[PDB]
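Heads up, the chain below is alone and in the form deposited in one PDB entry; it's given as structure tokens.
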């Protein structure tokens, strides 16, 4: 049968985690807001002639969920660790919060660092809202640097809005999950 692997997605609230999982649904998603996918979603990825089924586990990044979140970690095969390119704060929390949490609960599990919302890097409204506080969108080189700092298997940028990069995120996650 297909190889069975578990993926968990983590990162600050609002950085696009749930949308990144939902893009792998064959069904049109209804016009509702869900903090976390609460049904059993699976990504069917073929890599190197191998059929893999990736169980996708969503999490809530907010501090109030810190005690419940580790219940999602048992037997994880790959982590998608997300920040948003429109949120320098979300990148700052990668080494400060997400990296030590997942290394504790998921020792030796490969991490794919994902910069979501790539479409906002050049977005005029985003640039203005960050610029007013003397900030700017995350640059690709900052994501690469952070992947090195945290020991990630890779760094990828994607936009669920435009779909650019989404395929590579799940293909890389699958290749990472297959290494163990």
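Numbering follows the first chain given and starts at 1.
Hey, which bit's got the bigger mean C-alpha B factor in the entry, 107-115 or 59-67? That would be 59-67.
Tell me which stretch has the larger mean Cα B-factor in this entry, 43-51 or 147-155. Looking at the record's C-alpha B-factors, the answer is 43-51.
Split the chain's modelled residues into thirds by Cα B-factor; is residue 166 in the lowest, middle or highest one? Answer is middle: the recorded C-alpha B-factor places it there.
Going by the entry, which third of its chain does the Cα temperature factor of residue 23 land in? For residue 23, the deposited C-alpha B-factor lands in the highest third.
Give the position of residue 130 by CA B-factor within its chain, expressed as the lowest, middle or highest third. Its C-alpha B-factor belongs to the middle third of this chain's values.
Sort the modelled residues of this chain by their C-alpha B factor and say whether residue 138 lands in the lowest, middle or highest third. Lowest third of the chain for residue 138's C-alpha B-factor.
Just so you know, the form solved in complex with a small molecule exists too; it's not on screen, but the next bit is about it.
Using a 4.5 angstroms cut-off on non-hydrogen atoms, would residue 101 count as touching the small molecule in the deposited bound form? Close contact exists here: in the deposited bound form, residue 101 approaches the small molecule to within 4.5 Å, heavy atoms only.
Check residue 89 for me: does it contact the small molecule in the deposited bound form (non-hydrogen atoms, 4.5 angstroms)? It does not: once the small molecule is placed as it appears in the deposited bound form, residue 89 has no heavy atom within 4.5 Å of it.
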